[PDB]
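Next comes just one chain, in structure tokens: the form deposited in one PDB entry.
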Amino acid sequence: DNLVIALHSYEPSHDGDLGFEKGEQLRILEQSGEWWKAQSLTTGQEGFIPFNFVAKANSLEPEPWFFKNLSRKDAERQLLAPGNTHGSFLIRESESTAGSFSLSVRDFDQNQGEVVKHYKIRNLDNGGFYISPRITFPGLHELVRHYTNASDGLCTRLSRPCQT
């Protein structure tokens, strides 16, 4: 069920490598750290690919954090229910800037207890998203995977997806 698309052309260097093209559909068999095992859907060839040369070609709607048709002030109530906490987050289609996305994360502060902060995910050319121009991402899956492990810039760490 797990499918990626190649961002770059790669020409093998090690024995066991799979070579591939920009725009090629590969399917993942194993995820060992930095060299994943894949089968190309174009040739049928198998081998190890460099992890950062590919992005998830897997539907966003199955993902726990992605709340398709949701609105700013609701995202704030969605998060403000019991069952959630600081670090709880979600991504939602931008009602304002159509074509776009926003990030809603519950946060704590001494003073006004518990804010829910919104951020703007800016679009890149073709393969890309970002929140800080310092790091750019090929897809939403890769953005989310980076910030749940580091907060760099964000005013919290993305602890948990929103629980409905």
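Throughout, we count residues from 1 along the sequence that is shown.
Omitted here: the form deposited in another entry. The next part is about that form.
Two rigid parts of the chain rotate against each other between the shown form and the other one, and of 57, 129, 24, 74 the one at the hinge is 57. In the other entry, the Cα-Cα separation between residue 8 and residue 61 shrinks by 3 Å or more relative to the displayed conformation.
Compared with the form shown here, the Cα atoms of residue 128 and residue 33 move at least 3 Å farther apart in the other entry.
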